[PDB]
>>> print(open('entry_9.txt').read())   # compact mmCIF, C-alpha atoms and all ligand atoms
# COMPACT_ATOMS: atom_id res chain seq x y z
CA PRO L 1 0.00 0.00 0.00
CA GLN L 2 0.73 3.68 -0.14
CA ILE L 3 0.13 5.53 2.99
CA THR L 4 -0.36 9.28 3.49
CA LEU L 5 0.55 11.14 6.57
CA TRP L 6 -2.36 13.42 6.93
CA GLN L 7 -3.45 11.11 9.65
CA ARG L 8 -1.34 8.93 11.91
CA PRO L 9 -0.14 5.79 10.04
CA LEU L 10 -1.99 3.21 12.15
CA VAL L 11 -2.44 -0.36 11.03
CA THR L 12 -3.78 -3.70 12.25
CA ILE L 13 -1.30 -6.17 13.39
CA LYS L 14 -1.75 -9.80 14.34
CA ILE L 15 0.27 -10.76 17.27
CA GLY L 16 -0.05 -14.27 18.46
CA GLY L 17 -3.70 -14.67 17.89
CA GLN L 18 -4.53 -11.14 18.97
CA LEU L 19 -5.45 -8.33 16.63
CA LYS L 20 -4.02 -4.94 17.58
CA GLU L 21 -3.61 -1.42 16.33
CA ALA L 22 -0.22 -0.15 15.82
CA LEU L 23 1.72 2.89 14.70
CA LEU L 24 4.13 2.66 11.77
CA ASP L 25 6.96 4.64 13.04
CA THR L 26 10.13 5.46 11.15
CA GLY L 27 11.56 7.29 14.16
CA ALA L 28 11.59 4.12 16.27
CA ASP L 29 14.58 1.78 15.96
CA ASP L 30 12.64 -1.00 17.64
CA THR L 31 9.18 -2.38 17.95
CA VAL L 32 7.53 -1.80 21.35
CA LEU L 33 4.16 -3.21 22.34
CA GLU L 34 1.98 -2.24 25.30
CA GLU L 35 2.12 -4.57 28.28
CA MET L 36 1.23 -8.09 27.29
CA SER L 37 2.08 -11.68 27.61
CA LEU L 38 4.47 -13.33 25.31
CA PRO L 39 5.92 -16.78 25.12
CA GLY L 40 9.50 -17.12 25.80
CA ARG L 41 12.44 -16.05 27.79
CA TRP L 42 13.34 -12.42 27.93
CA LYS L 43 15.94 -9.78 28.65
CA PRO L 44 15.36 -6.41 30.43
CA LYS L 45 16.26 -3.39 28.42
CA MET L 46 16.01 0.37 28.76
CA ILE L 47 14.77 2.52 25.87
CA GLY L 48 14.58 6.20 25.83
CA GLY L 49 12.90 8.89 23.94
CA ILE L 50 11.11 12.13 24.49
CA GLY L 51 10.58 12.46 28.09
CA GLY L 52 13.19 9.94 29.13
CA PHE L 53 13.66 6.25 29.52
CA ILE L 54 11.48 3.21 30.29
CA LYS L 55 12.24 -0.36 31.13
CA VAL L 56 11.01 -2.97 28.75
CA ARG L 57 11.17 -6.72 28.35
CA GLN L 58 13.02 -7.79 25.24
CA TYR L 59 11.68 -10.73 23.27
CA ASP L 60 13.41 -12.28 20.38
CA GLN L 61 12.12 -13.93 17.25
CA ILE L 62 8.51 -13.04 17.43
CA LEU L 63 6.32 -13.42 14.41
CA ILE L 64 4.22 -10.44 13.69
CA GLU L 65 1.84 -9.82 11.01
CA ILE L 66 1.63 -6.33 9.54
CA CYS L 67 -1.18 -5.90 7.08
CA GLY L 68 -1.05 -9.45 5.74
CA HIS L 69 2.72 -9.42 5.73
CA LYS L 70 4.37 -11.55 8.16
CA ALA L 71 7.65 -10.54 9.65
CA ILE L 72 9.89 -11.88 12.34
CA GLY L 73 12.06 -10.09 14.81
CA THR L 74 12.63 -8.53 18.21
CA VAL L 75 9.63 -7.20 20.11
CA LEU L 76 9.90 -5.04 23.22
CA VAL L 77 7.04 -5.10 25.70
CA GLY L 78 6.47 -2.34 28.18
CA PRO L 79 4.62 0.73 29.36
CA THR L 80 4.45 2.42 26.01
CA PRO L 81 1.49 4.71 25.41
CA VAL L 82 0.81 3.13 22.01
CA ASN L 83 1.84 0.09 20.06
CA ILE L 84 4.68 0.94 17.81
CA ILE L 85 6.18 -0.70 14.78
CA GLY L 86 9.76 0.31 14.39
CA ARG L 87 12.44 -0.01 11.72
CA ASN L 88 13.36 -3.55 12.64
CA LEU L 89 10.08 -4.94 11.22
CA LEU L 90 9.34 -2.15 8.77
CA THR L 91 12.32 -3.28 6.72
CA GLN L 92 11.05 -6.85 6.63
CA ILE L 93 7.79 -5.93 4.95
CA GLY L 94 9.59 -3.71 2.43
CA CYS L 95 8.56 -0.38 3.83
CA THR L 96 10.07 2.73 2.38
CA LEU L 97 9.76 6.44 2.70
CA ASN L 98 8.98 8.33 -0.41
CA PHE L 99 9.05 11.81 -1.78
CA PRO E 1 13.76 10.22 -3.15
CA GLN E 2 13.05 6.79 -1.85
CA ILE E 3 14.42 6.12 1.60
CA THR E 4 14.88 2.61 3.05
CA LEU E 5 14.84 1.95 6.69
CA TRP E 6 17.87 -0.20 7.26
CA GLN E 7 19.47 2.82 8.77
CA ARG E 8 17.91 5.81 10.49
CA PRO E 9 16.16 8.12 8.04
CA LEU E 10 18.42 11.09 8.81
CA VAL E 11 18.44 13.95 6.41
CA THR E 12 19.92 17.37 6.15
CA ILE E 13 17.78 20.31 6.81
CA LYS E 14 18.46 23.98 6.58
CA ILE E 15 17.09 26.45 8.99
CA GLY E 16 18.32 29.96 9.37
CA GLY E 17 21.20 29.44 6.97
CA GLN E 18 22.34 26.58 9.10
CA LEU E 19 22.53 23.03 8.07
CA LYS E 20 21.46 20.45 10.56
CA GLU E 21 20.61 16.81 10.65
CA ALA E 22 17.16 15.54 11.37
CA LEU E 23 15.15 12.33 11.62
CA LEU E 24 12.16 11.76 9.35
CA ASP E 25 9.67 10.46 11.79
CA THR E 26 6.24 9.27 10.84
CA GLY E 27 5.47 8.48 14.47
CA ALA E 28 5.71 12.17 15.42
CA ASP E 29 2.80 14.38 14.99
CA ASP E 30 4.85 17.53 15.06
CA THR E 31 8.37 18.82 14.35
CA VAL E 32 10.74 19.22 17.32
CA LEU E 33 14.15 20.77 17.14
CA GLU E 34 16.94 20.81 19.70
CA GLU E 35 17.43 23.97 21.63
CA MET E 36 17.86 26.98 19.48
CA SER E 37 16.99 30.50 18.61
CA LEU E 38 14.12 31.23 16.44
CA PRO E 39 12.42 34.42 15.19
CA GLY E 40 9.38 35.64 16.90
CA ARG E 41 7.12 35.02 19.70
CA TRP E 42 6.54 31.63 21.12
CA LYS E 43 3.69 29.89 22.87
CA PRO E 44 3.77 26.99 25.35
CA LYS E 45 3.07 23.37 24.46
CA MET E 46 3.36 20.06 26.18
CA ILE E 47 4.27 16.91 24.29
CA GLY E 48 4.26 13.27 25.36
CA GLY E 49 6.63 10.69 24.22
CA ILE E 50 7.87 7.29 25.17
CA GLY E 51 9.24 8.44 28.45
CA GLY E 52 6.86 11.09 29.58
CA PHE E 53 5.82 14.68 28.86
CA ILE E 54 7.98 17.56 28.09
CA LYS E 55 7.27 21.22 27.88
CA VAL E 56 8.24 22.91 24.66
CA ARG E 57 8.19 26.26 22.88
CA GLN E 58 5.96 26.69 19.86
CA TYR E 59 7.03 28.97 16.99
CA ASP E 60 4.73 29.49 14.06
CA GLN E 61 5.46 29.90 10.35
CA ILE E 62 9.07 28.77 10.29
CA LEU E 63 10.78 27.95 7.03
CA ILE E 64 12.78 24.78 6.87
CA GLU E 65 14.15 23.25 3.84
CA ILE E 66 14.29 19.53 3.99
CA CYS E 67 16.30 17.87 1.31
CA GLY E 68 15.94 20.82 -0.97
CA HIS E 69 12.17 20.96 -0.46
CA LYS E 70 11.01 23.83 1.41
CA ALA E 71 8.34 23.89 3.99
CA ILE E 72 6.78 26.58 6.24
CA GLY E 73 5.10 25.74 9.40
CA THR E 74 5.04 25.04 13.10
CA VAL E 75 8.19 24.00 14.85
CA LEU E 76 8.67 23.12 18.44
CA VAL E 77 11.88 23.64 20.34
CA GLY E 78 12.91 21.74 23.43
CA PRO E 79 14.99 18.92 24.88
CA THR E 80 14.76 16.26 22.33
CA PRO E 81 17.53 13.69 21.76
CA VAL E 82 17.55 14.48 18.03
CA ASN E 83 15.95 16.94 15.69
CA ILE E 84 12.65 15.47 14.49
CA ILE E 85 10.64 16.05 11.37
CA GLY E 86 7.09 15.03 12.14
CA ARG E 87 3.98 14.69 10.14
CA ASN E 88 3.04 18.36 9.90
CA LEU E 89 6.04 19.03 7.65
CA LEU E 90 6.30 15.54 6.07
CA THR E 91 2.94 16.18 4.41
CA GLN E 92 4.14 19.49 3.05
CA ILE E 93 7.03 17.87 1.16
CA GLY E 94 4.79 15.10 -0.05
CA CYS E 95 6.22 12.26 1.93
CA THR E 96 4.46 8.87 1.91
CA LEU E 97 5.02 5.42 3.46
CA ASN E 98 5.08 2.58 0.95
CA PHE E 99 5.14 -1.24 1.06
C1 LIG B 1 4.59 7.45 19.18
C2 LIG B 1 4.65 8.32 20.43
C3 LIG B 1 5.31 7.65 21.62
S1 LIG B 1 2.92 8.54 20.96
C4 LIG B 1 3.09 10.32 21.22
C5 LIG B 1 2.10 11.01 20.29
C6 LIG B 1 0.64 10.59 20.64
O1 LIG B 1 -0.15 10.17 19.80
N1 LIG B 1 0.16 10.71 21.86
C7 LIG B 1 0.66 11.12 23.20
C8 LIG B 1 0.58 12.60 23.46
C9 LIG B 1 -0.53 13.10 24.13
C10 LIG B 1 -0.65 14.45 24.40
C11 LIG B 1 0.34 15.31 23.95
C12 LIG B 1 1.43 14.82 23.23
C13 LIG B 1 1.56 13.47 23.02
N2 LIG B 1 2.35 12.48 20.26
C14 LIG B 1 3.05 13.08 19.31
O2 LIG B 1 3.23 12.60 18.19
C15 LIG B 1 3.62 14.42 19.79
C16 LIG B 1 5.13 14.45 19.64
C17 LIG B 1 5.75 15.17 18.62
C18 LIG B 1 7.11 15.06 18.45
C19 LIG B 1 7.86 14.26 19.28
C20 LIG B 1 7.25 13.57 20.30
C21 LIG B 1 5.90 13.67 20.48
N3 LIG B 1 4.46 10.67 20.98
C22 LIG B 1 5.14 9.75 20.11
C23 LIG B 1 6.64 9.94 20.08
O3 LIG B 1 7.28 10.37 21.02
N4 LIG B 1 7.21 9.58 18.94
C24 LIG B 1 8.68 9.41 18.86
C25 LIG B 1 9.42 10.71 18.55
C26 LIG B 1 10.90 10.64 18.90
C27 LIG B 1 11.87 10.24 18.00
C28 LIG B 1 13.20 10.26 18.35
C29 LIG B 1 13.58 10.68 19.59
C30 LIG B 1 12.64 11.07 20.50
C31 LIG B 1 11.31 11.04 20.16
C32 LIG B 1 9.09 8.29 17.88
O4 LIG B 1 8.20 8.34 16.81
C33 LIG B 1 9.18 6.93 18.54
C34 LIG B 1 10.25 7.01 19.60
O5 LIG B 1 9.97 6.99 20.79
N5 LIG B 1 11.47 7.20 19.12
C35 LIG B 1 12.65 7.24 19.98
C36 LIG B 1 13.02 5.83 20.31
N6 LIG B 1 12.10 4.91 20.60
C37 LIG B 1 12.76 3.73 20.71
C38 LIG B 1 14.19 4.04 20.50
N7 LIG B 1 14.28 5.38 20.24
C39 LIG B 1 15.13 3.04 20.57
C40 LIG B 1 14.68 1.77 20.83
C41 LIG B 1 13.33 1.47 21.00
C42 LIG B 1 12.35 2.44 20.95
>>> encode(input="entry_9.txt", output="structure tokens", more="lines below")
Ligand SMILES: *[C]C1(*)(*)([C](*)*)S[C]([C](C(=O)[N][C]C2=[C][C]=[C][C]=[C]2)N(*)[C@](*)(=O(*)*)[C@@](*)(*)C2(*)(*)(*)(*)=[C@](*)(*)C(*)=[C]C(*)=[C@@]2(*)*)[N@@](*)(*)[C@@]1(*)C(*)(*)(*)(*)(=O(*)*)N(*)(*)(*)C(*)(*)(*)(*)([C@@](*)(*)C1=C(*)[C@@](*)(*)=[C@@](*)(*)[C]=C1*)C(*)(*)(*)(*)([O])[C@@](*)(*)C(*)(*)(*)(*)(*)(=O*)[N@](*)(*)C(*)(*)(*)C1(*)(*)=[N@@](*)(*)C2(*)(*)(*)=C(*)(*)(*)([N@@]1(*)*)C(*)(*)(*)(*)=[C@](*)(*)C(*)=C2*
Amino acid sequence: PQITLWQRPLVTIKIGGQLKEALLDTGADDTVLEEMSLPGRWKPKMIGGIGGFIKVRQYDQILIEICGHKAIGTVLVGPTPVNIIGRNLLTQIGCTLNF
Amino acid sequence: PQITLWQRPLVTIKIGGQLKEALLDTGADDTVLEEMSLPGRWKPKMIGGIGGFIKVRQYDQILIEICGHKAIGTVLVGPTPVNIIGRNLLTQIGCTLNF
């Protein structure tokens, strides 16, 4: 698809059975989901942004589906205000920025 | 141009006869620049990010050129880790997300 930025670029993801809304975000290096339960072991991590840093759990090799496209990679889970798809999975579905 | 997201989408902007680097960020509603001096009067604004809220200054009608495309609009100044080009100016240069 081609997406305009007059509104926020929100999409439906499928994440282990659940459907969610998420933000396609080129300014995020990583994908960060709101607090949820994932299968697997994890590592703590700190990520920072506007307003400072938060602690997240790092999960590896999670399959996500972003508009039909499935992608695999690292997912961070934590007290983010919104679900965010970052550059790590955007690349996997062939996302580019165009003008 | 078409930008891929394997690296950060950093570009050069020009504001006030200075060149600076900035991130193209579709996850940002507005444009936020590191601490600097702009023309005119400002008003107060609060923005929320990953880590919390910050208080910024809002200057209206600023000209930026981004990659040789010039835009005029609202820019916020405050303590951001990087200069950020958000959706208000990304729409003015015709930027879309594609996959
Ligand atoms: C996405 C987000 C987080 S969300 C926010 C927004 C919304 O929607 N909401 C909330 C609010 C409310 C009220 C008020 C305000 C807010 N908003 C917006 O958009 C506003 C703004 C503008 C500009 C800026 C900011 C804000 N928010 C958002 C954000 O924050 N985003 C971001 C930006 C940035 C970039 C860079 C730096 C800083 C910031 C993005 O997009 C994402 C992020 O966060 N990034 C950073 C990072 N992250 C991560 C990293 N880094 C690494 C790793 C992982 C993750």
>>> residues_near_ligand(input="entry_9.txt", ligand="ligand LIG 1 (chain B)", cutoff="6 Å", atoms="only C-alpha atoms and all ligand atoms", output="PDB file with C-alpha atoms, keeping the file's coordinate frame")
ATOM      1  CA  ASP L  25       6.960   4.640  13.040  1.00  0.00           C
ATOM      2  CA  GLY L  27      11.560   7.290  14.160  1.00  0.00           C
ATOM      3  CA  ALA L  28      11.590   4.120  16.270  1.00  0.00           C
ATOM      4  CA  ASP L  29      14.580   1.780  15.960  1.00  0.00           C
ATOM      5  CA  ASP L  30      12.640  -1.000  17.640  1.00  0.00           C
ATOM      6  CA  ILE L  47      14.770   2.520  25.870  1.00  0.00           C
ATOM      7  CA  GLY L  48      14.580   6.200  25.830  1.00  0.00           C
ATOM      8  CA  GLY L  49      12.900   8.890  23.940  1.00  0.00           C
ATOM      9  CA  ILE L  50      11.110  12.130  24.490  1.00  0.00           C
ATOM     10  CA  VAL L  82       0.810   3.130  22.010  1.00  0.00           C
TER      11      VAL L  82
ATOM     12  CA  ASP E  25       9.670  10.460  11.790  1.00  0.00           C
ATOM     13  CA  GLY E  27       5.470   8.480  14.470  1.00  0.00           C
ATOM     14  CA  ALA E  28       5.710  12.170  15.420  1.00  0.00           C
ATOM     15  CA  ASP E  29       2.800  14.380  14.990  1.00  0.00           C
ATOM     16  CA  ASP E  30       4.850  17.530  15.060  1.00  0.00           C
ATOM     17  CA  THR E  31       8.370  18.820  14.350  1.00  0.00           C
ATOM     18  CA  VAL E  32      10.740  19.220  17.320  1.00  0.00           C
ATOM     19  CA  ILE E  47       4.270  16.910  24.290  1.00  0.00           C
ATOM     20  CA  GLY E  48       4.260  13.270  25.360  1.00  0.00           C
ATOM     21  CA  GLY E  49       6.630  10.690  24.220  1.00  0.00           C
ATOM     22  CA  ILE E  50       7.870   7.290  25.170  1.00  0.00           C
ATOM     23  CA  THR E  80      14.760  16.260  22.330  1.00  0.00           C
ATOM     24  CA  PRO E  81      17.530  13.690  21.760  1.00  0.00           C
ATOM     25  CA  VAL E  82      17.550  14.480  18.030  1.00  0.00           C
TER      26      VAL E  82
END
>>> interface_residues(input="entry_9.txt", of="chain L", to="chain E", cutoff="8 Å", atoms="all atoms listed in the file", output="PyMOL selection string")
chain L and resi 1-6+8-9+23-29+48-54+80-81+87-88+90-91+93-99
>>> calpha_fit_and_write(input="entry_9.txt", fixed="chain L", moving="chain E", output="tab-separated table (two decimals) with C-alpha atoms, in the coordinates of the input")
chain	number	residue	atom	x	y	z
E	1	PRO	CA	0.19	-0.01	0.02
E	2	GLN	CA	0.94	3.65	-0.04
E	3	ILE	CA	0.19	5.44	3.20
E	4	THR	CA	-0.19	9.23	3.48
E	5	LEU	CA	0.48	11.06	6.62
E	6	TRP	CA	-2.51	13.31	7.03
E	7	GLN	CA	-3.63	10.97	9.72
E	8	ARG	CA	-1.61	8.71	11.99
E	9	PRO	CA	-0.22	5.70	10.14
E	10	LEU	CA	-2.13	3.18	12.26
E	11	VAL	CA	-2.43	-0.32	10.98
E	12	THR	CA	-3.74	-3.62	12.15
E	13	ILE	CA	-1.35	-6.19	13.31
E	14	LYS	CA	-1.86	-9.72	14.43
E	15	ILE	CA	0.07	-11.26	17.20
E	16	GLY	CA	-0.87	-14.44	18.94
E	17	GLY	CA	-4.17	-14.72	17.10
E	18	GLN	CA	-5.05	-11.30	18.36
E	19	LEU	CA	-5.63	-8.30	16.28
E	20	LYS	CA	-4.27	-5.04	17.53
E	21	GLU	CA	-3.62	-1.59	16.26
E	22	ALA	CA	-0.17	-0.18	15.85
E	23	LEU	CA	1.67	2.91	14.64
E	24	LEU	CA	4.15	2.67	11.78
E	25	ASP	CA	6.97	4.69	13.13
E	26	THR	CA	10.10	5.46	11.20
E	27	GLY	CA	11.48	7.41	14.15
E	28	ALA	CA	11.62	4.24	16.29
E	29	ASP	CA	14.52	1.99	16.05
E	30	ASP	CA	12.70	-0.94	17.54
E	31	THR	CA	9.19	-2.36	17.99
E	32	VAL	CA	7.43	-1.73	21.32
E	33	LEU	CA	4.14	-3.22	22.32
E	34	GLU	CA	1.87	-2.39	25.24
E	35	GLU	CA	1.93	-4.72	28.15
E	36	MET	CA	1.28	-8.27	27.23
E	37	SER	CA	2.17	-11.89	27.41
E	38	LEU	CA	4.62	-13.32	25.09
E	39	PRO	CA	6.24	-16.76	24.65
E	40	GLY	CA	9.61	-17.37	26.05
E	41	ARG	CA	12.31	-15.88	28.00
E	42	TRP	CA	12.95	-12.21	28.09
E	43	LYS	CA	15.97	-10.01	28.59
E	44	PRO	CA	16.18	-6.45	29.95
E	45	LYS	CA	16.51	-3.34	27.81
E	46	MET	CA	16.35	0.35	28.37
E	47	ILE	CA	14.93	2.71	25.77
E	48	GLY	CA	14.94	6.49	25.56
E	49	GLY	CA	12.26	8.57	24.12
E	50	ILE	CA	11.03	12.10	24.13
E	51	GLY	CA	10.35	12.12	27.80
E	52	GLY	CA	13.04	9.97	29.25
E	53	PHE	CA	14.13	6.34	29.56
E	54	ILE	CA	12.03	3.39	30.21
E	55	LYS	CA	12.89	-0.14	31.08
E	56	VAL	CA	11.44	-2.80	28.84
E	57	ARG	CA	11.35	-6.55	28.28
E	58	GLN	CA	13.01	-7.98	25.20
E	59	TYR	CA	11.56	-11.07	23.49
E	60	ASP	CA	13.30	-12.55	20.51
E	61	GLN	CA	11.93	-14.16	17.35
E	62	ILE	CA	8.31	-13.09	17.62
E	63	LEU	CA	5.98	-13.38	14.67
E	64	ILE	CA	3.81	-10.43	13.87
E	65	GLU	CA	1.83	-9.98	10.83
E	66	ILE	CA	1.51	-6.42	9.77
E	67	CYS	CA	-1.05	-5.73	7.14
E	68	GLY	CA	-0.95	-9.27	5.92
E	69	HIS	CA	2.85	-9.26	5.72
E	70	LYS	CA	4.49	-11.36	8.16
E	71	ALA	CA	7.59	-10.58	10.06
E	72	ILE	CA	9.69	-12.39	12.72
E	73	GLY	CA	11.87	-10.56	15.04
E	74	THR	CA	12.57	-8.67	18.23
E	75	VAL	CA	9.75	-7.08	20.11
E	76	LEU	CA	9.89	-5.06	23.24
E	77	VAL	CA	7.12	-4.89	25.78
E	78	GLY	CA	6.57	-2.06	28.22
E	79	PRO	CA	4.64	1.10	29.03
E	80	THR	CA	4.24	2.76	25.76
E	81	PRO	CA	1.28	5.02	24.92
E	82	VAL	CA	0.61	3.03	21.74
E	83	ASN	CA	1.89	-0.08	20.07
E	84	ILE	CA	4.83	0.88	17.84
E	85	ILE	CA	6.26	-0.72	14.76
E	86	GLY	CA	9.82	0.47	14.45
E	87	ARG	CA	12.49	0.10	11.90
E	88	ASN	CA	13.57	-3.45	12.69
E	89	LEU	CA	10.25	-4.80	11.41
E	90	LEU	CA	9.51	-2.03	8.85
E	91	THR	CA	12.54	-3.22	6.88
E	92	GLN	CA	11.29	-6.78	6.94
E	93	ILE	CA	8.02	-5.86	5.22
E	94	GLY	CA	9.84	-3.66	2.76
E	95	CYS	CA	8.64	-0.31	3.94
E	96	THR	CA	10.18	2.86	2.47
E	97	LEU	CA	9.72	6.63	2.88
E	98	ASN	CA	9.04	8.48	-0.36
E	99	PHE	CA	8.79	12.12	-1.50
>>> residues_near_point(input="entry_9.txt", point="(5.0, 31.3, 18.2)", cutoff="9 Å", atoms="all atoms listed in the file", output="PDB file with C-alpha atoms, in the frame of the given file")
ATOM      1  CA  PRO E  39      12.420  34.420  15.190  1.00  0.00           C
ATOM      2  CA  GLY E  40       9.380  35.640  16.900  1.00  0.00           C
ATOM      3  CA  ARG E  41       7.120  35.020  19.700  1.00  0.00           C
ATOM      4  CA  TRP E  42       6.540  31.630  21.120  1.00  0.00           C
ATOM      5  CA  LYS E  43       3.690  29.890  22.870  1.00  0.00           C
ATOM      6  CA  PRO E  44       3.770  26.990  25.350  1.00  0.00           C
ATOM      7  CA  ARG E  57       8.190  26.260  22.880  1.00  0.00           C
ATOM      8  CA  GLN E  58       5.960  26.690  19.860  1.00  0.00           C
ATOM      9  CA  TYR E  59       7.030  28.970  16.990  1.00  0.00           C
ATOM     10  CA  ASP E  60       4.730  29.490  14.060  1.00  0.00           C
ATOM     11  CA  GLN E  61       5.460  29.900  10.350  1.00  0.00           C
ATOM     12  CA  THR E  74       5.040  25.040  13.100  1.00  0.00           C
ATOM     13  CA  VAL E  75       8.190  24.000  14.850  1.00  0.00           C
ATOM     14  CA  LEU E  76       8.670  23.120  18.440  1.00  0.00           C
TER      15      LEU E  76
END
>>> atom_distance(input="entry_9.txt", atom1="CA of residue 83 (chain E)", atom2="CA of residue 21 (chain L)")
26.8 Å
>>> closest_residue(input="entry_9.txt", among="L:22, L:14, L:77, L:70", to="residue 46 (chain L)", atoms="only C-alpha atoms")
L:77
>>> build_atoms(input="entry_9.txt", residues="region 69-83 of chain L", atoms="N, CA, C and O atoms", output="tab-separated table (two decimals), in the frame of the given file")
chain	number	residue	atom	x	y	z
L	69	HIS	N	1.30	-9.07	5.64
L	69	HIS	CA	2.72	-9.42	5.73
L	69	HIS	C	3.18	-9.96	7.04
L	69	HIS	O	3.24	-9.28	8.05
L	70	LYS	N	3.58	-11.20	6.99
L	70	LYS	CA	4.37	-11.55	8.16
L	70	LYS	C	5.88	-11.32	8.19
L	70	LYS	O	6.64	-11.37	7.23
L	71	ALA	N	6.29	-10.97	9.39
L	71	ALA	CA	7.65	-10.54	9.65
L	71	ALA	C	8.12	-11.15	10.95
L	71	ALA	O	7.34	-11.45	11.82
L	72	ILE	N	9.41	-11.34	11.07
L	72	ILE	CA	9.89	-11.88	12.34
L	72	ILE	C	10.93	-10.92	12.91
L	72	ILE	O	11.77	-10.40	12.19
L	73	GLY	N	10.88	-10.71	14.22
L	73	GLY	CA	12.06	-10.09	14.81
L	73	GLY	C	11.97	-9.81	16.30
L	73	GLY	O	11.19	-10.39	17.01
L	74	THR	N	12.76	-8.87	16.77
L	74	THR	CA	12.63	-8.53	18.21
L	74	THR	C	11.44	-7.63	18.52
L	74	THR	O	11.14	-6.66	17.83
L	75	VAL	N	10.73	-8.02	19.56
L	75	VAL	CA	9.63	-7.20	20.11
L	75	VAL	C	9.93	-6.80	21.54
L	75	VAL	O	10.34	-7.59	22.36
L	76	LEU	N	9.79	-5.51	21.83
L	76	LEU	CA	9.90	-5.04	23.22
L	76	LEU	C	8.51	-4.83	23.76
L	76	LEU	O	7.62	-4.41	23.03
L	77	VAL	N	8.33	-5.22	25.03
L	77	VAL	CA	7.04	-5.10	25.70
L	77	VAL	C	7.17	-4.23	26.95
L	77	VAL	O	8.02	-4.41	27.81
L	78	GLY	N	6.32	-3.21	27.03
L	78	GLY	CA	6.47	-2.34	28.18
L	78	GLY	C	5.43	-1.23	28.20
L	78	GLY	O	4.50	-1.21	27.42
L	79	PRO	N	5.61	-0.32	29.16
L	79	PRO	CA	4.62	0.73	29.36
L	79	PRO	C	4.69	1.86	28.35
L	79	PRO	O	4.82	3.03	28.66
L	80	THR	N	4.59	1.45	27.09
L	80	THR	CA	4.45	2.42	26.01
L	80	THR	C	3.01	2.91	25.84
L	80	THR	O	2.05	2.16	25.96
L	81	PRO	N	2.86	4.19	25.56
L	81	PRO	CA	1.49	4.71	25.41
L	81	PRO	C	0.73	4.15	24.22
L	81	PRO	O	-0.49	4.16	24.17
L	82	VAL	N	1.47	3.67	23.22
L	82	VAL	CA	0.81	3.13	22.01
L	82	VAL	C	1.65	1.99	21.44
L	82	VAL	O	2.85	1.95	21.66
L	83	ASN	N	1.00	1.07	20.74
L	83	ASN	CA	1.84	0.09	20.06
L	83	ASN	C	2.59	0.64	18.87
L	83	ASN	O	2.13	1.41	18.05
